[PDB]
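Given as C-alpha cells, the chain that follows is alone and in the form deposited in one PDB entry.
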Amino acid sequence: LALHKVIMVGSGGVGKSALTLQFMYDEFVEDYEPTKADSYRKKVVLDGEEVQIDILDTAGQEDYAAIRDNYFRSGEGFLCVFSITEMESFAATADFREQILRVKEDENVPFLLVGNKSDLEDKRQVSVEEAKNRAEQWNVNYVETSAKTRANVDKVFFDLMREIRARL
C-alpha cells in the first residue's frame, strides 16, 4: 500500500493530539499528556484506494535541531495546527512553516493550515480573514476544524493525503 507520512505540528494546546485521536479512534480526548509524542498508523480508503496513513503527533519535546529536522525530513505532508482561540499559536505557525521549508526545500510540500477549536467561536482570537490571507500568502489551503465536534477532521487528513498523492 501507499504509505502517507503525515506530521502534526503546532504550538502547545492547539489540538494536535485531540485531532489525531478523533481521527484514529472517534473520540474527543481532552487530557492527552502534553509532552507525549506518538505515531499512529491506520489503513484508510482514500478516493477508493486502500492506503496507509502514518501520523506523527509531535509534542514539542525534541529540542535537538538535527533530530527535529530529521523527523521533518521523513514527513511527506504536514498539518500545521493552531487554535483559533490563541493568537500566539497562529503567529507560531510561521515558525513551523519555515522549519519545514528549510528541510523539505519545496514550497509546495503538502501542507494544510488548520485552525482548530472552531466550536469555540465566542473565544476566537484569530479572524477567518487573517488566516485565509496567510494561507493565500503561502499557497496552502486553510481549513477550520473541531476535534470536539469532529468538524472537518476527516477532511484535513484526507485532503492532506490527496496532496501527498498528487505531488509526490
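Think of the rigid core as the biggest set of C-alphas that the two forms share within 1.5 Å after superposition. Numbering starts at 1 and follows the sequence shown.
What comes next is about the form deposited in another entry, which does not appear here.
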Looking between the shown form and the other one after fitting on the rigid core, I'd like to know which of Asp26, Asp47, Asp122, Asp63 has a C-alpha displacement of 2 Å or more. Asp63
Since the Cα-Cα distance for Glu62 and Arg41 shifts by 3 angstroms or more in the other form, is it a contraction (closer) or an expansion (farther)? farther
Work out whether the Cα atoms of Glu62 and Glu98 come closer together or move farther apart in the other form than they are in this form, the change being 3 angstroms or more. closer
